[PDB]
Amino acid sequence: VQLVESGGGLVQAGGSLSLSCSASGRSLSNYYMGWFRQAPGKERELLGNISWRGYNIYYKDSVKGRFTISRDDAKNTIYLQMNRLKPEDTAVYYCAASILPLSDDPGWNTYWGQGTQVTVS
């Protein structure tokens, strides 16, 4: 499974930004797809995930209500809509996929994107 992110860059604090992730490979319906982020000098954290047809959805408490994750199963693409961005949201955002729910302790059965930088303020 190969993942490629798009979007990101710069946004002023209080602003909005949308990230996309395109997946390629066999039977992508088996995979939970989601987002992680890692800020400079800070631990990598799972933001959330969405399984096939959106049956399972998880949001880390800190981004709940401002970040929205969606999935297009015809395009095999996931989206991360980020509202009211704050300087603490500055990080590299990584798309991830695993047949198991994503976790803050990811293993060798989780696939990763190339990462996309998001700088706030």
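Start at 1 and count along the sequence shown; that's the residue number.
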30-38 set against 68-76, stretch whose average Cα temperature factor tops the other in the entry: 68-76
Stretch with the higher entry mean CA B-factor, where the candidates are 39-47 and 85-93: 39-47
Third of chain Cα B-factors occupied by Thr119: lowest
CA B-factor ranking of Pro101, expressed as a third of its chain: lowest
Lowest, middle or highest third - CA B-factor, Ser20: middle
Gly107 CA temperature factor, ranked by third within the chain: highest
